[PDB]
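Working notes for the structure below.
Because only heavy atoms are used, hydrogens play no part in the values below, and waters and symmetry mates are left out as well, while side chains stay in. The chains referred to below are lettered A, B, ... by the order of the sequence lines, with proteins before strands, and numbering in each begins at 1.
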Amino acid sequence: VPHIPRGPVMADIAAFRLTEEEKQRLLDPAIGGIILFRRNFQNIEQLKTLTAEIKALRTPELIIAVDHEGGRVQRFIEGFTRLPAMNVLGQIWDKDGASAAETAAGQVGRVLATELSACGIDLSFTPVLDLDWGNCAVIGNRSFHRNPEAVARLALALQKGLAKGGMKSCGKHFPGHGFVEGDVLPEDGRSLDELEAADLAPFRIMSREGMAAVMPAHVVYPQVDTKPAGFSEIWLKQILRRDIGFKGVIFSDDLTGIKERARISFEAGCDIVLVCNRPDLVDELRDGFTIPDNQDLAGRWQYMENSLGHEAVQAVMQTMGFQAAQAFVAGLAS
Amino acid sequence: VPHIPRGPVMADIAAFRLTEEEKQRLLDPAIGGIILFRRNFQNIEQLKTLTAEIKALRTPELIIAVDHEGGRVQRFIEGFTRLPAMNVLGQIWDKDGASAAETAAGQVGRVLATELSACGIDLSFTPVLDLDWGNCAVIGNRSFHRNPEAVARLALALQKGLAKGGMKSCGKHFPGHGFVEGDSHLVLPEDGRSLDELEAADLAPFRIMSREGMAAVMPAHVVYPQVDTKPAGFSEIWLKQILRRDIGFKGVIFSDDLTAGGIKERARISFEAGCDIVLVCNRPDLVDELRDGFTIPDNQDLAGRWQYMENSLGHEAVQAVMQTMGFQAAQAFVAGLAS
Ligand SMILES: O=C(N[C@@H]1[C@@H](O)[C@H](O)[C@@H](CO)O[C@H]1O)C(F)(F)F
Ligand SMILES: O=C(N[C@@H]1[C@@H](O)[C@H](O)[C@@H](CO)O[C@H]1O)C(F)(F)F
């Protein structure tokens with residue numbers, strides 16, 4: 001079993017089981033992780049087999065992630081608790097108050113993460129920290145709430161729940177996707193002060209409380225930089241690293257030539273580039289790829305490794321407390 | 001004032017007032033209409049001035065459109081009634097019944113269209129006819145409902161409201177965007193279902209709206225491999241064989257946003273697939289490239305298809321109607337659904 005450092009590329013796979021070609025691709029030193037999608041899911045036992053064979057290829061084991069946010073963003077349905085959209089939690093906040101909403105968010109996080117942890121998944125790319133300005137359809141009900149305080153608090157409560165389930169968090173989409181219209185490269189014309197007073201606050205607060213990663217917005221904020229955030233040294237190095245003090249992973253979000261697109265991502269401050277639905281572009285990228293110097297990469301990947309062992313998860317899922325959490329969360333979704 | 005037929009390209013503009021270069025671009029015979037966005041809106045009076053100067057360039061007057069669906073898709077906010085998301089109408093359906101929901105949809109349509117008609121707008125790109133399968137975040141609350149019957153009936157009721165406000169309808173996104181997952185922004189999703197599955201559900205609102213006089217359709221940027229390997233907006237099977245021949249739709253088929261392989265070639269394959277009018281947004285450079293030496297494809301139905309979309313209310317008539325108590329009550333009712 002070859003020992004190769006996790007590379008800075010997160011790739012993906014076609015279907016339910018690895019092909020031989022995929023195995024060879026995943027052994028490339030450029031690759032450090034995998035993101036899964038609904039097309040990779042048949043049932044829980046198949047998923048376990050898939051994650052095991054991915055993990056068996058090399059050490060440190062490839063980090064495996066998925067988009068389980070809730071509502072209309074939940075890749076794996078059958079055999080999982082159906083998760084509510086995050087704005088459901090914000091509706092509880094408005095109706096029953098912060099305390100009930102936080103409690104509910106904790107349980108959603110716990111169920112979400114634990115069920116995925118049982119299947120060999122390391123991380124869900126959640127939570128969305130974008131504010132619901134009522135402008136952006138592609139975010140839509142994926143946002144907790146309009147109000148930064150509600151978003152921050154619900155996100156923190158979800159994060160604690162995720163940690164109980166073995167998982168770190170990934171805040172999306174830095175520095176805030178909520179204000180633009182999105183239904184192209186959108187433009188958010190606001191000033192940095194306007195963003196600091198609202199959209200950025202949940203990111204600051206989550207970073208302070210141990211958030212593992214961030215996904216950047218594919219959005220230009222011209223008053224701060226002419227470049228989209230995911231390609232901006234100002235956003236990623238000057239604001240996120242230096243000003244906010246964030247030490248976790250900065251993902252590039254989807255780059256899908258590719259070599260040049262990746263280069264500018266890394267140069268801007270991204271640790272890991274995502275290349276989804278395009279194994280051809282992954283093949284093009286990795287051929288003659290030089291791994292950029294990043295002494296923090298290894299630790300940044302490792303912080304995201306799932307913190308629960310397989311047996312410990314099986315035990316927790318047998319408890320009455322967890323099963324009650326499952327039924328509570330199921331009830332929010334219907 | 002030059003008399004030029006409306007061309008098959010729908011373009012756009014940069015900001016609040018036309019520049020001289022934009023005026024010259026909009027006189028090109030390749031162009032037949034304009035789509036507006038939030039960046040073109042400062043306030044109602046500026047908007048009126050903008051639409052007037054667009055219309056003054058040529059005859060037949062360039063058709064002007066905008067995306068006013070409701071909820072998180074409403075370009076012009078200040079000075080307009082805030083519109084509810086379409087799923088709010090589906091919630092009324094579930095709670096208070098079809099009759100109350102249809103009535104509400106009629107008022108939303110009326111307010112939506114009338115306020116835009118006051119400003120010189122011809123058409124809103126609405127309604128969404130996609131079904132809420134609980135899969136597609138980008139559609140999300142933009143869909144009326146999960147159930148094809150509810151979607152069809154709410155859409156028809158909205159359509160009658162729109163017509164009261166001077167406007168035709170544009171169904172989105174043919175043949176149905178509801179089932180794919182969509183929470184990236186720039187991927188090409190795949191809907192693996194069979195044609196029969198779509199006919200039993202997602203296609204039915206499109207059939208019904210077509211029969212009842214829907215003026216246009218926007219295609220889904222989605223591949224349905226069991227029917228064709230091409231995305232719907234570039235598929236002869238979807239657009240000619242299914243939409244034209246089988247469904248009998250006679251209105252406008254708009255293209256995807258074509259924004260390389262080159263714009264000329266991308267437009268060519270759109271027209272060849274069955275699109276009447278190509279959209280080229282946020283890229284006046286590509287519109288300039290496209291129109292230079294452009295040969296207008298032969299389409300004897302184009303002129304009538306554009307004209308069917310012209311606003312049916314005169315500007316003064318709309319200002320009068322908006323002073324009425326009945327319309328102001330509609331405004332307050334719709335405002336209340338949004339809050
Ligand atoms: O929102 C979506 N598509 C939008 C349309 O709704 C809109 O009328 C048109 C014009 O601006 O451009 C597309 O990008 C989709 F649901 F297809 F992703
Ligand atoms: O949804 C958006 N971006 C998504 C991320 O949320 C997601 O975690 C990632 C991995 O699948 O892929 C992006 O496209 C955006 F809002 F940025 F458009």
Side-chain angles (χ1 to χ4, degrees), chain A residues 38 71-74 77 82 84-85 137-138 140-142 183 333-334, chain B residues 67 69-73 84-95 97-98 101-102 104-105 108-109 125-159 169-183 188-212 214 216-227 231-233 238 242-243 246-247 249:
Chain A
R38 183 169 292 180
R72 304 190 180 87
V73 186
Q74 182 180 340
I77 300 298
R82 192 72 176 86
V138 71
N141 289 8
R142 298 162 67 193
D183 48 77
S334 91
Chain B
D67 296 301
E69 294 174 22
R72 302 193 183 88
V73 186
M86 292 301 95
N87 83 314
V88 170
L89 297 166
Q91 286 168 340
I92 293 170
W93 175 283
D94 289 345
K95 188 188 194 238
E102 288 189 11
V108 170
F125 289 135
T126 195
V128 170
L129 301 179
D130 304 313
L131 307 184
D132 186 20
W133 288 105
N135 288 342
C136 193
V138 70
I139 298 308
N141 75 8
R142 296 161 67 194
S143 165
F144 285 110
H145 206 277
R146 177 187 189 84
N147 189 295
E149 184 80 23
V151 169
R153 293 248 61 91
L154 292 169
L156 291 169
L158 189 95
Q159 177 170 257
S169 71
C170 177
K172 313 199 291 203
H173 306 75
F174 178 85
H177 205 305
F179 189 83
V180 300
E181 282 178 287
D183 49 77
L188 178 59
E190 179 163 302
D191 182 331
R193 296 176 297 162
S194 69
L195 181 55
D196 282 341
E197 279 174 284
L198 267 85
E199 293 281 9
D202 304 59
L203 276 168
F206 288 97
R207 284 196 141 66
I208 293 159
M209 285 280 286
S210 178
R211 195 227 298 147
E212 300 294 320
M214 174 172 64
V217 150
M218 290 276 339
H221 192 43
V222 171
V223 184
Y224 307 74
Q226 288 204 56
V227 174
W238 280 115
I242 290 170
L243 184 50
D246 198 326
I247 293 166
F249 177 64

All heavy atoms of B/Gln226 vs all of B/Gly192, minimum pair found to be NE2-O, 2.9 Å
**Prompt:** Does a side-chain heavy-atom distance below 4.5 Å link B/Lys172 with B/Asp67?
**Reply:** yes
- Heavy-atom side-chain contact between B/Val128 and B/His177 under 4.5 Å: no
Is there a donor-acceptor pair closer than 3.5 Å between any side-chain N or O of A/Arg82 and the backbone N or O of A/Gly71?
yes
- Query: Heavy atoms, side chains only, cut-off 4.5 Å: are B/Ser169 and B/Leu158 in contact?
  - Reply: no
Here the pair of heavy atoms bringing B/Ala137 nearest to A/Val73 is CB-CG2, 4.0 Å
Are the side chains of B/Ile139 and B/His173 in touch, meaning some heavy atoms are under 4.5 Å apart?
yes
Query raised in the report: Does any non-hydrogen side-chain atom of B/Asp191 lie less than 4.5 Å from one of B/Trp133?
Result: no
Rounded to the nearest 0.5 angstrom, the CE-SG distance for B/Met209 and B/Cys170 is 9.0 Å
Beyond-backbone contact of B/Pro231 with B/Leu188, side-chain heavy atoms, under 4.5 angstrom | yes
Rounded to the nearest 0.5 angstrom, the OG1-CD distance for B/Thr126 and B/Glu69 is 5.0 Å
In this structure, CD1 of B/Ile242 is separated from CZ of B/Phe174 (nearest 0.5 Å) by 6.0 Å
In short, B/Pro175 meets B/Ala232 closest at the heavy-atom pair CD-CB, 3.8 Å
### Task
Could you tell me whether a side-chain N or O of B/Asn135 sits under 3.5 Å from a main-chain N or O of B/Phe179, the two making a donor and an acceptor?
yes
Applying ring-ring contact (aromatic ring centres under 6.0 Å, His included) to B/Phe249 and not counting sequence neighbours gives none
Q | Non-hydrogen side-chain atoms of A/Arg72 and A/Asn141 separated by less than 4.5 Å | A | yes
Shortest non-hydrogen pair, B/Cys136 vs B/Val180, comes out as CB-O, 3.1 Å
Taken to the nearest 0.5 Å, the spacing of B/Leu129 CG from B/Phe144 CZ works out to 7.5 Å
Under a 4.0 Å N-O cut-off, is there an ion pair linking B/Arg142 with A/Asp183?
no
Minimal heavy-atom distance between B/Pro127 and B/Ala155, with the atoms involved, is CG-CB, 4.1 Å
In this structure, CG of B/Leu203 is separated from CG of B/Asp246 (nearest 0.5 Å) by 9.0 Å
Which of B/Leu195, B/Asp202, B/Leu198 passes side-chain contact (heavy atoms from CB on, under 4.5 Å) with B/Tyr224? It is B/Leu198
Residue set satisfying ring-ring contact (aromatic ring centres under 6.0 Å, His included) with B/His221, at least two apart, ordered chain then number -> none
Scanning both residues in full, the closest heavy-atom pair of B/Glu149 with B/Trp93 reads O-CH2, 4.4 Å
Hey, are the side chains of B/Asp94 and B/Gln91 touching, using non-hydrogen atoms and a 4.5 Å cut-off?
no
Separation between CD (B/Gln159) and CD (B/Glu212), nearest 0.5 Å, reads 7.5 Å
(Q) Given 3.5 Å as the limit, does a donor-acceptor pair link the side chain of B/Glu190 with the main chain of B/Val223, or not? (A) no
